[PDB]
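Convention: sequence-line order gives letters A, B, ...; per-chain numbering from 1.
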Amino acid sequence: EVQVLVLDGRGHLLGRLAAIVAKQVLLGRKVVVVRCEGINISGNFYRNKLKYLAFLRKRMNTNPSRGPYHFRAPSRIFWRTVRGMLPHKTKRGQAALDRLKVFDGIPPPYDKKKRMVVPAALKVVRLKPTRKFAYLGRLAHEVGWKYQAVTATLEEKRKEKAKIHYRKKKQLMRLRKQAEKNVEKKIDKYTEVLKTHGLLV
Amino acid sequence: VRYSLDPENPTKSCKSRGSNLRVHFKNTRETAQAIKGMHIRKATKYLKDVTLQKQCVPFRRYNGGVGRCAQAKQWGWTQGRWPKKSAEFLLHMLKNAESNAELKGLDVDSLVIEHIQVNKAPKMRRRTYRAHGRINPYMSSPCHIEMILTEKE
Amino acid sequence: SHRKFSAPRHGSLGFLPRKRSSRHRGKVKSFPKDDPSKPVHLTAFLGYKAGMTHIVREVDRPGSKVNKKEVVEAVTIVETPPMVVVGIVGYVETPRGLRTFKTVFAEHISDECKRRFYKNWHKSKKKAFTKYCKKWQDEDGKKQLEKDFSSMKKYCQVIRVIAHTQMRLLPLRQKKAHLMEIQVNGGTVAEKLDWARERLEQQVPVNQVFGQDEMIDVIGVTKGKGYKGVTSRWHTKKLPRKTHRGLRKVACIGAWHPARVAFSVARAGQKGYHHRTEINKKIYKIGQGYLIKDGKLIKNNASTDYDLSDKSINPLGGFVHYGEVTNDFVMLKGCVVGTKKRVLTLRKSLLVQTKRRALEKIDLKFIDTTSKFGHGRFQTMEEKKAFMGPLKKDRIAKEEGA
RNA sequence: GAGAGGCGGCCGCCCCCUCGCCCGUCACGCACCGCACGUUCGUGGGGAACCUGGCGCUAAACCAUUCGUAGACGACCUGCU
RNA sequence: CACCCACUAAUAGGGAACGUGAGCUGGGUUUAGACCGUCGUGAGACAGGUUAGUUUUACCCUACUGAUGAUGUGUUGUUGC
RNA sequence: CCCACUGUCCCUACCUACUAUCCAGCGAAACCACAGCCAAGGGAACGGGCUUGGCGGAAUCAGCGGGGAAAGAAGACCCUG
RNA sequence: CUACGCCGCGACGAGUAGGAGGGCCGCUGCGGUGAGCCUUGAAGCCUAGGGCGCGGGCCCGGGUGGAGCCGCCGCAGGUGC
RNA sequence: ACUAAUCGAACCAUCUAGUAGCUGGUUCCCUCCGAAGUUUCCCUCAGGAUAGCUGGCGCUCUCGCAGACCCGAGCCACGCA
Ligand SMILES: [Mg+2]
Ligand SMILES: [Mg+2]
Ligand SMILES: [Mg+2]
Ligand SMILES: [Mg+2]
Ligand SMILES: [Mg+2]
Ligand SMILES: [Mg+2]
Ligand SMILES: [Mg+2]
Ligand SMILES: [Mg+2]
Ligand SMILES: [Mg+2]
Ligand SMILES: [Mg+2]
Ligand SMILES: [Mg+2]
Ligand SMILES: [Mg+2]
Ligand SMILES: [Mg+2]
Ligand SMILES: [Mg+2]
Ligand SMILES: [Mg+2]
Ligand SMILES: [Mg+2]
Ligand SMILES: [Mg+2]
Ligand SMILES: [Mg+2]
Ligand SMILES: [Mg+2]
Ligand SMILES: [Mg+2]
Ligand SMILES: [Mg+2]
Ligand SMILES: [Mg+2]
Ligand SMILES: [Mg+2]
Ligand SMILES: [Mg+2]
């Protein structure tokens, strides 16, 4: 779609979400993934930490400053996971990579926008309830990430402001439902039209 | 003689030429590129400053092993030199061009070096003596220089 | 195959960009962790390496051989004239690090401080902060400054103060002041902003930052040594005398595979002029500097309570290659990076000092002031004149001038 | 509203229309004679240049000289009514 | 390799073209001189012994070490992450 | 083997002359399929190119000796004729 | 209906070493032929010009050049990099 | 060892374009067909002859050819695998 697709990363499996995102940006769609620290990975935490520590070992013996770049922020981990699913060495894959933006937490450009969800990549439906999993935020923090604490406090502040906005939305919807009772005799002419065509049960 | 890049109008223009001039082609090519587009008064001062090592020419193409200098920062470059022989030869050609301008009756205080070009002249052969009874060339690299100056102010 | 005999590698890999430091001043790179329980205080200062000398002191370390004994110890004198606070920076913690929220300078920025903003002060028209200082007096600008202080009070986590040295009080050629950000620790952001705002344009001496016999950290740039070979840069073994191409080289710079030269191989390049920090440097003394109450008071600089000699920290004939120390100074223990008159950053120790070597009170018995411009053998001018008596130059001085 | 606020909201005064919203009456508009790239964001972004009113500003960088805390050369630290 | 002396916390074993000769050295091996023992009629031979016996080139690309610079925020500078 | 002697070494440092360095002038040669960052794979069983990944930022200066199974010679060792 | 011409129908189409056929592919020279071409511009060379052929190649436009050149039927090679 | 930078038989010219079962090279296009590294013999084993595999030139025959258009009017080719 021509708009920008903003996805909430909480509760999303890493490679399941990255596969969906990679195909989206290849089709000319701009994708933004927020709360990359909320992304989950299947398998217990120690198992997934061993996978990344093995990644830390892979470095150029001659000059590690040229070797693999190990990015410790959860946003950059997800970004690199998506990059492994793109043809990033061609101009088409580089253009697709530029359509994707990743954030830890939710920055102010996207914290006032409704956030989408990919059911095909959610842990609740893609993982058996008895299987263990790890958090990308915890995994990144225990391998070199320096901003787990500050993102935690900023996410708490964002959630406090969103609760206030939601209680204004509830107060608005309560007033609107009350209004539909107050103007009932002069609305039923248009309500009956809606009901016979499926809208407004 | 056939100049390349004949002037847009050969009435506000003057030409100067030199063949088989005994200066290094690589040095003179860089010096000519520096004074290209310059006003004739600016170029004469600049080429005098090259002799005094107060302004350098930027060695842009033939820069293999050319050292760095602080005066290359005036240009957008890092390597520069002060080729004295290339500057003096171009100063004589600027003087000859200016006297040609006076003969054509056009004033010399509005002249700009719109065209300048250094070509390779036929090489002159000399001889050097090497280690195990061997002979190698010691060739010289002269050059042809042509220029066209035009009035614009 | 394996090398025959084990040997540790030459040179630490923790300083591997062995290159000329991009800075001359030496940046802090880590301020002490801010805890709001302590009182509001500064964490850093700027000094200038004046020179070295040695002291005599009584050791109070029980169980040691030198307990209740006199020792001599090399010390470094660091002239520290008071800094002048000229601005405040706020920082906000983000998921990408600290970023500068807002910077507010003061009115009446000194000329020596303003030279820092100009590569060529001679041809400059001295226009820096001429319009900024005007908003400290008008109405809309002053209200805007209040908004900047309020927004710093509610959005910033750590604040710092821009402070500059008074280069005019030093005997150096340089007149351009050194600016530095000094983090304010120990209190709420509102409290440290109130403190830092009332120290604007004020002088902060080295007394208020550092105290007697505490361990601090010295951050600076070492002495430059130019391009150097592997035997001087990395202190590798010199090859035998029979070597053909030369013996001050590393014989093997790598095996056939990995078919490249590794970053861990010692190679020739720039030596010295590296940015370094050294921790746990004890302050044996904070000098008082020259004063005038009725006469010129010079005594307190190098007069210990056992010496009782009217003399200053200045050696006989002045510090070599530096000049005369006239302001306050900090007498660190041991050596310190940098040449003479090299600007040094002094920082509060990040660690917690609990060892007996730290928190040990220092009581100087004697401060050497012989000439360092040769084998000096007299402490003062008066002692030298008393020992040698009159000379020919003085004999004719009283003859020509009666 | 500071996490990348590049945004959003509320009042007071003034000038305008009782029109723009739904169901009806009433006719008209190039009705271009079957035909595509039509419709929008958008007064889009970027570069010069001309005219037009108001408010305003009058600086640095590099070279050359110097320093030697630096240095192979560049670079760097410096000084110059 | 081995063996012994001595210290030591310990004196573990290996790979990298049996790492590493435009890095060295040339003691050994492995040319031409020569001596001895054995074999061969002889020229001569001997994983038998012994002695003397030219170690050449980097200024290219990369790697690496340092040194200027370059792209972008209009120019430029300071402080910084 | 012993005495003496010493930078052969422990363990390296400093100094001097000439270079190298930068500049004015002058100015070659070797070598060159195209070229030149890596890990693994398979492959004439040790890739600069190929596959898969790591990635990749103009133009350069002084060094350097890991690579180019670097150059120098239609291997002199061994075998065949 | 150039009978060495024209037309129809069906199946088929890998290729080193190698063999064969066709070439209105190309070079040079000789015999015939084109009442051939050419100082109102030959050969040669250059060309972001127009094309033809599966291809070998060829024709034509423009420029330069300044005196020779080509097609067809045979003949003969010091005939294609 | 030395005998003109040449010595376990100098240099110069010729015989001489010495011989080589060995190494290197071997020049235009399209179309059609298309292998062998096996047998036997050889002072034969990096080569030949010989058979085999290949191509080219054919020749001897066989089924017939059909109804101008349209329309078949037990038995269905020599022989081969
Ligand atoms: Mg070079
Ligand atoms: Mg010579
Ligand atoms: Mg000779
Ligand atoms: Mg070991
Ligand atoms: Mg280590
Ligand atoms: Mg030697
Ligand atoms: Mg001394
Ligand atoms: Mg080896
Ligand atoms: Mg080697
Ligand atoms: Mg060697
Ligand atoms: Mg030997
Ligand atoms: Mg021998
Ligand atoms: Mg015998
Ligand atoms: Mg013996
Ligand atoms: Mg000898
Ligand atoms: Mg050089
Ligand atoms: Mg590789
Ligand atoms: Mg051979
Ligand atoms: Mg041979
Ligand atoms: Mg075929
Ligand atoms: Mg021929
Ligand atoms: Mg022959
Ligand atoms: Mg026989
Ligand atoms: Mg063969």
For nucleotides 14-16 of chain E, give me every protein contact, N/O to N/O, under 3.5 Å, one pair per line with atom names.
residue	atom	partner	partner atom	Å
E/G15	OP2	C/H2	N	3.2
E/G15	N7	C/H2	N	3.2
E/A16	OP2	C/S1	N	3.0
E/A16	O2'	C/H257	O	3.0
E/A16	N7	C/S1	N	3.0
E/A16	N7	C/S1	O	2.9
E/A16	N6	C/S1	O	3.2

A/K112 NZ to D/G6 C1': how many Å, rounded? 13 Å

Roughly, in whole Å, what's the span from CZ in B/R125 to P in F/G27? 13 Å

Can you tell me how far P of D/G1 sits from NZ of A/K113, to the nearest Å? 21 Å

Could a donor-acceptor pair under 3.5 angstrom be found where the side chain of B/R81 meets the base of F/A24? no

Under the side-chain contact (heavy atoms from CB on, under 4.5 Å) test, residues paired with C/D138 that sit two or more places apart: C/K135

Using a heavy-atom cut-off of 4.0 Å across all strands, would you classify C/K341 as base, sugar-phosphate, or nothing? base

Using a cut-off of less than 4.0 Å, is there contact between a side-chain N or O of B/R126 and OP1 or OP2 of F/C26? no

Checking all strands, does B/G65 fall into the base, sugar-phosphate, or nothing category for heavy-atom contacts under 4.0 angstrom? sugar-phosphate

Which part of the nucleic acid, if any, lies within reach of B/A70 when heavy atoms closer than 4.0 Å are counted: base, sugar-phosphate only, or nothing? sugar-phosphate

Using a cut-off of 4.0 Å on non-hydrogen atoms, how would the nucleic acid contact of C/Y91 be classed: base, sugar-phosphate, or nothing? sugar-phosphate

List the steps and the verdict of side chain to side chain donor-acceptor pair (under 3.5 Å) for C/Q174 and C/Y48. CA-CA 12 Å; C/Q174 174 166 346; C/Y48 296 85; over 6 Å; no

Classify the side chain of C/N120 and the base of D/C80 as holding, or not holding, a donor-acceptor pair under 3.5 Å. yes

Canonical Watson-Crick or G-U pair E/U25-D/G42, 3.5 Å limit on both distances: no

Whole-Å distance between D/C63 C1' and B/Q74 CD? 4 Å

Select base, sugar-phosphate, or nothing to describe what A/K157 touches, counting heavy atoms under 4.0 Å on all strands. sugar-phosphate

Could one point to a donor on the side chain of C/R173 or the base of D/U78 with an acceptor on the other under 3.5 Å away? yes

F/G53 phosphate, OP1 or OP2: any side-chain N/O from A/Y69 under 4.0 angstrom? no

With both atom distances required to be under 3.5 Å, do F/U60 and E/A67 make a Watson-Crick or G-U wobble pair? yes

Assign each of A/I106 and C/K223 the nucleotide of RNA chain D bearing its closest heavy atom; nearer the 5' end lies the nucleotide of A/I106

Tell me: OH of C/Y273 to P of D/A70, nearest whole Å? 7 Å

Remember a base hit wins even if backbone is also touched, and classify B/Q55 as base, sugar-phosphate or nothing at under 4.0 Å, heavy atoms. nothing

Do the bases of E/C46 and E/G37 pair up, Watson-Crick or G-U wobble style, with both gaps under 3.5 Å? yes

Would you check if F/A13 and G/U64 are a Watson-Crick or G-U wobble pair, both distances kept under 3.5 Å? no

For atom CD of A/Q94 and atom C1' of F/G57, their distance in whole Å: 13 Å

Given that H/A13 and H/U14 are neighbours in the strand, would their base rings pass a stacking test of centres under 5.5 angstrom and planes under 30 degrees? yes

Letter per nucleotide, 5' to 3', of nucleotides 5-10 of chain E [B base touched, S only sugar-phosphate touched, - untouched; heavy atoms, 4.0 Å]: ------

Scanning all shown strands, the Watson-Crick or wobble mate of G/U33 with both distances under 3.5 Å is G/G71

Does a Watson-Crick or G-U wobble pair link D/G46 to D/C50, with each of the two distances under 3.5 Å? no

Is G/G5 paired with G/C9, either Watson-Crick or G-U wobble, both distances below 3.5 Å? no

Report yes or no: is F/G48 base-paired to F/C34 (Watson-Crick or G-U wobble, both distances under 3.5 Å)? yes

For C/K114, report the nucleic acid contact type (base, sugar-phosphate, nothing); a contact means any heavy atom under 4.0 Å. nothing

Pair of N/O donor and acceptor under 3.5 Å linking D/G1 base with A/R158 side chain: no

Given the 90°-from-0 boundary between syn and anti, F/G25 should be labelled anti

Can you tell me the distance, in whole Å, between the CZ atom of C/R23 and the P atom of D/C77? 13 Å

For A/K161, answer base if it contacts any base atom (sugar-phosphate contacts may also be present), sugar-phosphate if it contacts only those atoms, and nothing otherwise; contact means non-hydrogen atoms under 4.0 Å. sugar-phosphate

For a quick check of understanding: with a heavy-atom distance under 4.0 Å over all strands, which category does C/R160 fall into, base, sugar-phosphate or nothing? sugar-phosphate

Most 5' of A/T151 and C/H321 on RNA chain D, judged by nearest nucleotide: A/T151

Check whether the side chain of A/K89 and the base of F/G54 form a donor-acceptor pair under 3.5 Å. yes

Measure distances between side-chain N and O atoms of C/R267 and base N and O atoms of F/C64, and say whether any donor-acceptor pair falls under 3.5 Å. yes

For B/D49 and D/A64, give me the distance from atom CG to atom P, rounded to whole Å. 12 Å

Scan A/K146 against the nucleic acid and name what it touches under 4.0 Å (heavy atoms): base, sugar-phosphate only, or nothing. nothing

Contact class for B/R127 (heavy atom, under 4.0 Å): base, sugar-phosphate, or nothing? nothing

Contact class for C/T243 (heavy atom, under 4.0 Å): base, sugar-phosphate, or nothing? sugar-phosphate

Under a 3.5 Å limit on both key distances, is there a Watson-Crick or G-U wobble pair between H/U54 and H/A4? no

